[PDB]
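What follows is the content of input.tsv, which has TSV, C-alpha atoms:
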```tsv
chain	number	residue	atom	x	y	z
A	7	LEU	CA	-12.49	6.03	-28.72
A	8	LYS	CA	-9.58	5.71	-26.28
A	9	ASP	CA	-6.93	8.13	-25.09
A	10	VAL	CA	-3.42	7.40	-26.35
A	11	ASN	CA	-1.83	8.76	-23.16
A	12	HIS	CA	-2.02	5.88	-20.68
A	13	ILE	CA	-0.52	7.90	-17.80
A	14	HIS	CA	-3.62	8.50	-15.68
A	15	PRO	CA	-4.67	7.75	-12.10
A	16	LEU	CA	-5.92	4.19	-11.93
A	17	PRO	CA	-9.74	4.30	-11.90
A	18	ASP	CA	-11.29	2.95	-8.69
A	19	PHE	CA	-7.94	1.72	-7.36
A	20	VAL	CA	-9.27	1.04	-3.85
A	21	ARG	CA	-12.16	-1.30	-4.69
A	22	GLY	CA	-9.72	-3.36	-6.72
A	23	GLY	CA	-7.74	-5.79	-4.63
A	24	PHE	CA	-10.73	-6.02	-2.32
A	25	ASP	CA	-12.18	-7.88	-5.31
A	26	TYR	CA	-9.50	-10.52	-4.64
A	27	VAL	CA	-10.96	-11.51	-1.26
A	28	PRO	CA	-11.75	-15.14	-2.17
A	29	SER	CA	-15.39	-15.84	-1.26
A	30	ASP	CA	-16.53	-12.99	1.01
A	31	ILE	CA	-15.07	-15.01	3.90
A	32	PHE	CA	-13.83	-11.89	5.68
A	33	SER	CA	-16.28	-9.36	4.23
A	34	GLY	CA	-18.62	-7.96	6.85
A	35	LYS	CA	-16.19	-8.59	9.71
A	36	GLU	CA	-15.16	-4.90	10.02
A	37	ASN	CA	-11.85	-5.95	11.59
A	38	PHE	CA	-9.88	-7.26	8.61
A	39	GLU	CA	-11.29	-4.68	6.20
A	40	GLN	CA	-9.97	-1.70	8.15
A	41	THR	CA	-6.51	-3.25	8.39
A	42	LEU	CA	-6.45	-3.88	4.64
A	43	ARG	CA	-8.01	-0.52	3.77
A	44	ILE	CA	-5.48	1.40	5.86
A	45	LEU	CA	-2.57	-0.20	4.01
A	46	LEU	CA	-4.05	0.04	0.51
A	47	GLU	CA	-5.11	3.67	0.86
A	48	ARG	CA	-1.45	4.59	1.39
A	49	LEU	CA	-0.70	3.43	-2.15
A	50	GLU	CA	-3.50	5.74	-3.32
A	51	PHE	CA	-1.45	8.80	-2.38
A	52	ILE	CA	1.72	7.45	-3.99
A	53	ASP	CA	-0.20	6.36	-7.09
A	54	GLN	CA	-1.67	9.85	-7.45
A	55	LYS	CA	1.68	11.63	-7.13
A	56	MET	CA	3.19	9.39	-9.82
A	57	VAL	CA	1.27	11.46	-12.38
A	58	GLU	CA	2.27	14.95	-11.24
A	59	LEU	CA	5.89	13.77	-11.28
A	60	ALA	CA	5.33	13.42	-15.05
A	61	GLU	CA	2.47	15.85	-15.70
A	62	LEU	CA	4.02	18.84	-13.93
A	63	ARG	CA	7.40	18.44	-15.65
A	64	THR	CA	5.94	19.40	-19.03
A	65	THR	CA	6.79	22.91	-20.20
A	66	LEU	CA	3.12	23.89	-20.48
A	67	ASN	CA	2.42	23.48	-16.75
A	68	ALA	CA	5.93	23.58	-15.26
A	69	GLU	CA	6.16	25.98	-12.33
A	70	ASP	CA	8.92	28.59	-12.17
A	71	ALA	CA	10.82	26.65	-9.50
A	72	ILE	CA	11.51	23.89	-12.05
A	73	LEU	CA	10.78	25.69	-15.34
A	74	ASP	CA	14.25	27.17	-14.90
A	75	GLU	CA	15.63	23.64	-15.23
A	76	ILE	CA	13.83	23.21	-18.56
A	77	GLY	CA	15.10	26.57	-19.76
A	78	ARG	CA	18.61	25.82	-18.52
A	79	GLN	CA	18.91	22.79	-20.79
A	80	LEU	CA	18.00	25.02	-23.75
A	81	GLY	CA	20.27	27.92	-22.78
A	82	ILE	CA	17.35	30.32	-22.16
A	83	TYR	CA	18.15	31.86	-18.79
A	84	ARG	CA	15.55	33.62	-16.66
A	85	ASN	CA	17.39	36.96	-16.51
A	86	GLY	CA	14.69	39.34	-15.17
A	87	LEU	CA	11.67	37.62	-16.72
A	88	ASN	CA	8.70	36.58	-14.60
A	89	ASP	CA	6.88	33.26	-14.77
A	90	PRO	CA	3.95	34.09	-17.11
A	91	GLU	CA	6.16	35.54	-19.85
A	92	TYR	CA	9.21	33.36	-19.18
A	93	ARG	CA	7.04	30.56	-20.53
A	94	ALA	CA	6.37	32.63	-23.66
A	95	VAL	CA	10.02	33.34	-24.47
A	96	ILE	CA	10.85	29.64	-24.11
A	97	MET	CA	8.18	28.79	-26.67
A	98	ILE	CA	9.17	31.60	-29.03
A	99	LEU	CA	12.89	30.80	-29.18
A	100	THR	CA	12.30	27.05	-29.53
A	101	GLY	CA	9.81	27.61	-32.34
A	102	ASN	CA	12.32	29.77	-34.20
A	103	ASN	CA	14.43	26.74	-35.16
A	104	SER	CA	12.04	25.69	-37.96
A	105	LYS	CA	11.13	29.08	-39.42
A	106	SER	CA	11.83	31.15	-42.51
A	107	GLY	CA	10.42	34.59	-41.62
A	108	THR	CA	7.73	34.67	-44.30
A	109	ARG	CA	4.68	36.90	-44.03
A	110	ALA	CA	2.40	33.92	-43.43
A	111	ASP	CA	4.95	32.46	-41.02
A	112	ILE	CA	5.34	35.64	-38.96
A	113	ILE	CA	1.58	35.88	-38.43
A	114	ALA	CA	1.55	32.34	-37.04
A	115	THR	CA	4.10	33.03	-34.29
A	116	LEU	CA	2.41	36.27	-33.23
A	117	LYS	CA	-0.87	34.34	-33.17
A	118	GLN	CA	0.07	32.49	-29.97
A	119	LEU	CA	0.75	35.72	-28.04
A	120	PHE	CA	-2.29	37.90	-28.84
A	121	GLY	CA	-5.25	35.63	-29.56
A	122	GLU	CA	-6.94	35.52	-32.95
A	123	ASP	CA	-7.69	39.18	-33.70
A	124	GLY	CA	-5.15	40.83	-31.39
A	125	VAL	CA	-2.44	41.38	-34.02
A	126	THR	CA	-2.12	42.72	-37.57
A	127	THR	CA	0.84	43.48	-39.83
A	128	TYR	CA	1.29	46.19	-42.46
A	129	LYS	CA	3.97	45.94	-45.14
A	130	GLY	CA	6.00	48.62	-46.89
A	131	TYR	CA	7.87	49.00	-50.17
A	132	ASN	CA	11.45	49.53	-48.92
A	133	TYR	CA	11.88	46.75	-46.36
A	134	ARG	CA	9.37	48.43	-44.05
A	135	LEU	CA	7.25	46.19	-41.82
A	136	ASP	CA	4.81	47.16	-39.07
A	137	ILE	CA	3.35	45.25	-36.12
A	138	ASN	CA	0.05	46.18	-34.46
A	139	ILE	CA	-1.15	44.86	-31.09
A	140	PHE	CA	-4.72	45.05	-29.80
A	141	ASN	CA	-5.13	42.58	-26.92
A	142	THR	CA	-1.76	42.19	-25.21
A	143	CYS	CA	-1.91	40.17	-21.99
A	144	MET	CA	1.75	40.62	-20.99
A	145	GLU	CA	4.24	43.47	-20.87
A	146	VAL	CA	5.91	43.67	-24.27
A	147	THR	CA	9.23	45.47	-23.71
A	148	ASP	CA	10.84	42.36	-22.21
A	149	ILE	CA	9.46	40.19	-25.02
A	150	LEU	CA	10.62	42.64	-27.69
A	151	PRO	CA	14.19	41.30	-28.15
A	152	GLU	CA	12.89	37.98	-29.45
A	153	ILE	CA	10.33	39.62	-31.75
A	154	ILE	CA	13.31	40.97	-33.71
A	155	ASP	CA	15.12	37.64	-33.95
A	156	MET	CA	12.62	35.79	-36.18
A	157	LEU	CA	12.68	38.47	-38.90
A	158	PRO	CA	14.80	38.62	-42.07
A	159	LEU	CA	18.35	39.95	-41.83
A	160	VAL	CA	17.36	43.33	-43.31
A	161	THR	CA	13.93	44.05	-41.84
A	162	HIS	CA	12.91	47.59	-40.87
A	163	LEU	CA	10.40	47.34	-38.05
A	164	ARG	CA	7.97	49.53	-36.15
A	165	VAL	CA	6.11	48.43	-33.02
A	166	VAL	CA	2.89	50.02	-31.79
A	167	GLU	CA	0.65	48.64	-29.05
A	168	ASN	CA	-2.84	49.67	-27.99
A	169	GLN	CA	-5.90	48.17	-26.30
A	170	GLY	CA	-8.71	47.35	-28.71
A	171	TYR	CA	-9.00	48.65	-32.27
B	4	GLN	CA	3.33	-25.30	15.48
B	5	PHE	CA	2.62	-23.42	12.24
B	6	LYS	CA	2.59	-19.75	13.19
B	7	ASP	CA	0.09	-17.33	11.66
B	8	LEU	CA	-2.19	-14.43	12.56
B	9	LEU	CA	-4.85	-15.52	15.04
B	10	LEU	CA	-8.45	-15.63	13.80
B	11	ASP	CA	-11.26	-15.18	16.30
B	12	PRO	CA	-13.29	-18.42	16.52
B	13	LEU	CA	-16.42	-16.46	17.44
B	14	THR	CA	-16.56	-13.73	14.78
B	15	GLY	CA	-14.06	-14.62	12.05
B	16	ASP	CA	-12.14	-11.35	12.25
B	17	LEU	CA	-8.60	-11.06	13.56
B	18	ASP	CA	-8.36	-11.66	17.31
B	19	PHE	CA	-7.27	-8.20	18.42
B	20	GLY	CA	-8.01	-9.25	22.01
B	21	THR	CA	-9.96	-8.02	25.00
B	22	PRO	CA	-10.45	-4.26	25.55
B	23	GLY	CA	-7.85	-4.34	28.33
B	24	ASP	CA	-5.06	-5.82	26.21
B	25	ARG	CA	-5.96	-4.86	22.64
B	26	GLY	CA	-3.26	-5.67	20.10
B	27	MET	CA	-2.25	-8.38	17.64
B	28	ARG	CA	-1.62	-12.06	18.35
B	29	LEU	CA	-0.01	-15.01	16.61
B	30	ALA	CA	-1.38	-18.54	16.57
B	31	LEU	CA	1.04	-20.52	18.74
B	32	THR	CA	-0.72	-23.59	20.12
B	33	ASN	CA	-1.09	-26.27	17.47
B	34	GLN	CA	-4.81	-26.51	18.25
B	35	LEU	CA	-5.51	-22.89	17.32
B	36	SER	CA	-3.37	-23.07	14.17
B	37	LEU	CA	-5.07	-26.26	12.97
B	38	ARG	CA	-8.52	-24.83	13.67
B	39	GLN	CA	-8.03	-21.91	11.29
B	40	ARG	CA	-6.11	-24.04	8.79
B	41	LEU	CA	-9.21	-26.24	8.50
B	42	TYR	CA	-11.60	-23.27	8.59
B	43	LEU	CA	-9.95	-21.48	5.66
B	44	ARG	CA	-9.51	-24.75	3.77
B	45	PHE	CA	-13.25	-25.45	4.01
B	46	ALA	CA	-14.54	-21.88	3.60
B	47	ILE	CA	-12.82	-21.06	0.29
B	48	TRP	CA	-14.74	-22.50	-2.65
B	49	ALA	CA	-12.53	-24.32	-5.13
B	50	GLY	CA	-11.06	-22.09	-7.82
B	51	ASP	CA	-12.40	-18.82	-6.40
B	52	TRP	CA	-9.04	-17.59	-5.03
B	53	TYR	CA	-6.77	-15.99	-7.61
B	54	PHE	CA	-3.03	-16.79	-7.50
B	55	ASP	CA	-4.00	-20.41	-6.70
B	56	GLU	CA	-6.65	-22.10	-8.83
B	57	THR	CA	-6.28	-25.50	-7.14
B	58	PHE	CA	-7.13	-24.37	-3.60
B	59	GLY	CA	-10.56	-24.69	-2.01
B	60	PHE	CA	-13.46	-27.12	-1.88
B	61	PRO	CA	-15.73	-27.96	-4.87
B	62	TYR	CA	-19.15	-27.22	-3.40
B	63	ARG	CA	-20.65	-26.56	-6.84
B	64	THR	CA	-20.43	-30.29	-7.64
B	65	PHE	CA	-22.88	-31.23	-4.89
B	66	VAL	CA	-24.99	-28.17	-4.10
B	67	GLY	CA	-27.94	-27.81	-6.45
B	68	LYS	CA	-27.69	-31.41	-7.69
B	69	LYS	CA	-29.25	-34.70	-6.66
B	70	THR	CA	-26.36	-36.30	-4.80
B	71	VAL	CA	-25.71	-39.40	-2.72
B	72	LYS	CA	-24.94	-38.80	0.96
B	73	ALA	CA	-22.19	-41.43	0.99
B	74	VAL	CA	-20.16	-39.74	-1.76
B	75	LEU	CA	-20.22	-36.36	-0.01
B	76	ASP	CA	-19.00	-37.80	3.30
B	77	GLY	CA	-15.96	-39.32	1.61
B	78	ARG	CA	-14.87	-35.98	0.17
B	79	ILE	CA	-15.56	-34.13	3.43
B	80	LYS	CA	-13.58	-36.75	5.35
B	81	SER	CA	-10.74	-36.69	2.78
B	82	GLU	CA	-10.03	-32.95	2.75
B	83	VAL	CA	-9.35	-33.10	6.49
B	84	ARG	CA	-6.52	-35.62	6.11
B	85	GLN	CA	-4.57	-33.32	3.76
B	86	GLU	CA	-2.99	-31.67	6.81
B	87	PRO	CA	0.23	-33.48	7.81
B	88	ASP	CA	-0.43	-33.23	11.58
B	89	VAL	CA	-3.84	-34.93	11.89
B	90	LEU	CA	-3.83	-38.07	14.03
B	91	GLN	CA	-7.32	-39.43	13.37
B	92	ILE	CA	-11.04	-38.67	13.10
B	93	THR	CA	-13.12	-39.94	16.00
B	94	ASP	CA	-16.79	-39.91	14.98
B	95	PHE	CA	-18.94	-38.81	12.06
B	96	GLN	CA	-22.72	-38.20	12.25
B	97	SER	CA	-23.84	-37.36	8.72
B	98	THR	CA	-27.58	-36.67	8.48
B	99	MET	CA	-29.72	-35.30	5.65
B	100	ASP	CA	-33.25	-33.87	5.74
B	101	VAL	CA	-35.35	-34.21	2.59
B	102	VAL	CA	-38.05	-31.68	3.52
B	103	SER	CA	-35.72	-28.69	3.85
B	104	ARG	CA	-33.06	-30.26	1.58
B	105	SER	CA	-30.39	-29.39	4.16
B	106	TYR	CA	-27.32	-31.47	5.01
B	107	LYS	CA	-25.40	-31.21	8.28
B	108	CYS	CA	-22.55	-33.36	9.59
B	109	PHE	CA	-20.65	-33.54	12.88
B	110	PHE	CA	-17.16	-34.83	13.65
B	111	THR	CA	-14.03	-34.12	15.67
B	112	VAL	CA	-10.31	-34.32	14.93
B	113	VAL	CA	-7.45	-35.18	17.28
B	114	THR	CA	-4.06	-33.47	17.09
B	115	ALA	CA	-1.05	-33.57	19.39
B	116	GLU	CA	1.08	-30.68	20.65
B	117	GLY	CA	4.76	-30.09	19.97
B	118	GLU	CA	7.72	-28.15	21.33
B	119	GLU	CA	9.03	-24.69	20.37
B	120	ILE	CA	12.52	-25.68	19.08
B	121	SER	CA	13.81	-22.12	19.64
B	122	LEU	CA	12.67	-19.02	21.52
B	123	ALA	CA	14.98	-16.63	19.64
B	124	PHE	CA	12.11	-15.16	17.60
B	125	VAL	CA	9.57	-14.97	20.43
B	126	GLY	CA	9.84	-12.55	23.32
B	127	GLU	CA	11.99	-13.88	26.14
B	128	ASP	CA	15.26	-15.62	26.97
B	129	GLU	CA	15.82	-18.56	29.33
B	130	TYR	CA	19.24	-17.69	30.79
B	131	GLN	CA	20.18	-16.11	34.11
B	132	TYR	CA	23.32	-14.03	33.59
B	133	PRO	CA	24.85	-12.94	36.91
B	134	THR	CA	24.47	-9.60	38.67
B	135	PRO	CA	27.51	-7.36	39.32
B	136	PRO	CA	28.35	-6.83	43.01
B	137	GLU	CA	27.67	-3.58	44.84
B	138	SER	CA	30.13	-1.25	46.57
B	139	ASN	CA	33.22	-2.60	48.38
B	140	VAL	CA	31.54	-5.96	49.04
B	141	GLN	CA	33.78	-7.81	46.59
B	142	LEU	CA	37.13	-6.65	48.00
B	143	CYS	CA	36.22	-6.80	51.72
B	144	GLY	CA	33.48	-9.41	52.18
B	145	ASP	CA	29.75	-9.32	52.77
B	146	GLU	CA	27.60	-8.75	55.84
B	147	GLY	CA	25.08	-11.44	54.90
B	148	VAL	CA	27.62	-14.04	56.00
B	149	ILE	CA	27.16	-12.62	59.50
B	150	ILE	CA	23.36	-12.35	59.33
B	151	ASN	CA	22.90	-15.95	58.19
B	152	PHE	CA	25.22	-17.24	60.93
B	153	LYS	CA	23.35	-15.21	63.55
B	154	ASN	CA	20.04	-16.60	62.32
B	155	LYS	CA	21.38	-20.16	62.39
B	156	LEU	CA	22.58	-19.68	65.96
B	157	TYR	CA	19.25	-18.19	67.03
B	158	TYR	CA	17.24	-21.01	65.43
B	159	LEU	CA	19.51	-23.64	67.01
B	160	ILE	CA	19.02	-22.02	70.43
B	161	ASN	CA	15.29	-22.18	69.68
B	162	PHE	CA	15.40	-25.87	68.69
B	163	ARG	CA	17.03	-27.37	71.77
B	164	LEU	CA	14.59	-25.92	74.31
B	165	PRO	CA	11.41	-28.03	74.06
B	166	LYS	CA	8.32	-26.33	72.67
```

Go ahead and render the structure in this file as structure tokens.
Amino acid sequence: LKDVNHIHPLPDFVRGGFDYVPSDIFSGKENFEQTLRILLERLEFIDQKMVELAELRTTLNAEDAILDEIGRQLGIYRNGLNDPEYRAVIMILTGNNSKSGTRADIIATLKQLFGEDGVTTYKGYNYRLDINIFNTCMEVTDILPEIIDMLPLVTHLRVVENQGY
Amino acid sequence: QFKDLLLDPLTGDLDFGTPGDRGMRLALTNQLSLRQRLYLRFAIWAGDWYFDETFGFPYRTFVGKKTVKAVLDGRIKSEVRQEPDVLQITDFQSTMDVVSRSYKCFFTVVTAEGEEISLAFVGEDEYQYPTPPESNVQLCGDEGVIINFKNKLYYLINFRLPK
């Protein structure tokens, strides 16, 4: 019924405070109101930017200019990656820390990179595993090094990518 | 002498001034300060201003109720004397009309005027520091000593001859 995240712009900030004019003594004088409005409306701008200072620092929306700072703390350097996929690698490596490389587990990680039906996985008798891609939205060669990391120590892997079925 | 932002007696907004000298002004004369100090004290209904529940006048007690004129006048006349710089109240014409149910009183208040104690915070200074001399006047004299003497001689020559 209520949002748990209380960090939001204050609703109707301006009309508040004006509500503290005692008994409409000054209201309708058009000389005191403008002086008060001009000062209060400055806080509006500062109040608004208080959110982006917290909202924009999250990894989901962080821009490349500062996303590097988030990656730097985790040891994931930009190298030659671009912004749209640099976000992906950060998620992939971080998610690897609570993984076991099971068949059900592997499907889950690939799920975040290719939608619901964009990926499928065949399995083979002698350590063979196969990955199929149908709806890639980013160039895969640069993402490939991580795709190896979350697999068992002895996996034998093939990678094939195509658009659609 | 209580300083504060000047309130226009005619409109109630801040007295930004005439179109030729628009700006902001402070209440300096004790008369102007006391005027607005009474105006605000009477205009704010008791309890309606947050941050101070005890300020204001309790109009709700009288308005809308059958009340005695004499009781109201006492309270009206008492709130005025809460200011520490009120000398006296001269006259009080309290009248009530039963047809329209309106009440309207008249009175005036007398207050003296004080001094400014210090001008450090307001505008100007009262001293007359000297002016440095010009050119070689200091080390060699001044010509004005000649001009004044010449003028004195001329005026004395003028005086003796009858006119």

Requested in this report: Identify, on the basis of all atoms listed in the file, every residue whose closest approach to residue 163 in chain A does not exceed 10 Å; exclude the query and any residue fewer than 2 positions from it along the same chain; express the result as a PyMOL selection string.
Outcome: chain A and resi 129-130+133-137+153-154+157+160-161+165

Write down, as a compact mmCIF listing (two decimals) with C-alpha atoms, keeping the file's coordinate frame, each residue of chain A that has any atom within 9 Å of an atom of chain B, counting only C-alpha atoms.
```
# COMPACT_ATOMS: atom_id res chain seq x y z
CA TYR A 26 -9.50 -10.52 -4.64
CA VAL A 27 -10.96 -11.51 -1.26
CA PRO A 28 -11.75 -15.14 -2.17
CA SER A 29 -15.39 -15.84 -1.26
CA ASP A 30 -16.53 -12.99 1.01
CA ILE A 31 -15.07 -15.01 3.90
CA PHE A 32 -13.83 -11.89 5.68
CA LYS A 35 -16.19 -8.59 9.71
CA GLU A 36 -15.16 -4.90 10.02
CA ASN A 37 -11.85 -5.95 11.59
CA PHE A 38 -9.88 -7.26 8.61
```

Query raised in the report: What is the CA of residue 34 in chain A-CA of residue 15 in chain A distance in Å, reported with one decimal?
Result: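 CA of residue 15 in chain A lies at a distance of 28.3 Å from CA of residue 34 in chain A.
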
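For residue 63 in chain A, the non-local neighbours within 10 Å, defined as residues at least 4 positions apart in the same chain or in other chains and counting all atoms listed in the file, are residues 57, 58, 59, 67, 68, 69, 72, 73, 75 and 76 of chain A.
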
Requested in this report: Skip range 99-110 of chain B itself and residues of its chain fewer than 6 positions away, then list as a ChimeraX atom specification all residues within 12 Å of it, counting only C-alpha atoms.
Outcome: /B:65-73,75-77,79-80,83,91-93

Requested in this report: Figure out the distance between CA of residue 64 in chain A and CA of residue 11 in chain A, please, to one decimal in Å.
Outcome: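 Here the two named atoms are 13.8 Å from each other.
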
Report task. Work out how far CA of residue 140 in chain A is from CA of residue 169 in chain A, in Å to one decimal. Result ->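 It comes out at 4.8 Å.
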
Query raised in the report: Within 10 Å of residue 23 in chain A, counting all atoms listed in the file, which residues qualify if same-chain residues fewer than 3 places away don't, as a ChimeraX atom specification?
Result: /A:19-20,26-27,42-43,46

Store the residues of this selection in a file with C-alpha atoms, as a PDB file, in the frame of the given file.
```pdb
ATOM      1  CA  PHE A  19      -7.940   1.720  -7.360  1.00  0.00           C
ATOM      2  CA  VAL A  20      -9.270   1.040  -3.850  1.00  0.00           C
ATOM      3  CA  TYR A  26      -9.500 -10.520  -4.640  1.00  0.00           C
ATOM      4  CA  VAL A  27     -10.960 -11.510  -1.260  1.00  0.00           C
ATOM      5  CA  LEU A  42      -6.450  -3.880   4.640  1.00  0.00           C
ATOM      6  CA  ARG A  43      -8.010  -0.520   3.770  1.00  0.00           C
ATOM      7  CA  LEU A  46      -4.050   0.040   0.510  1.00  0.00           C
TER       8      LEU A  46
END
```

Requested in this report: Within 12 Å of residue 122 in chain A, counting all atoms listed in the file, which residues show up once you throw out same-chain ones fewer than 5 positions away? Write them as a list in words, please.
Outcome: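 In the requested format, the answer is residues 113, 114, 115, 116, 117, 139, 140, 141 and 142 of chain A.
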
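Residues near the point (-3.9, -14.5, 18.0), at a distance of 10 Å or less over all atoms listed in the file, make up residues 6, 7, 8, 9, 10, 11, 17, 18, 19, 20, 26, 27, 28, 29, 30, 31, 32, 35 and 36 of chain B.
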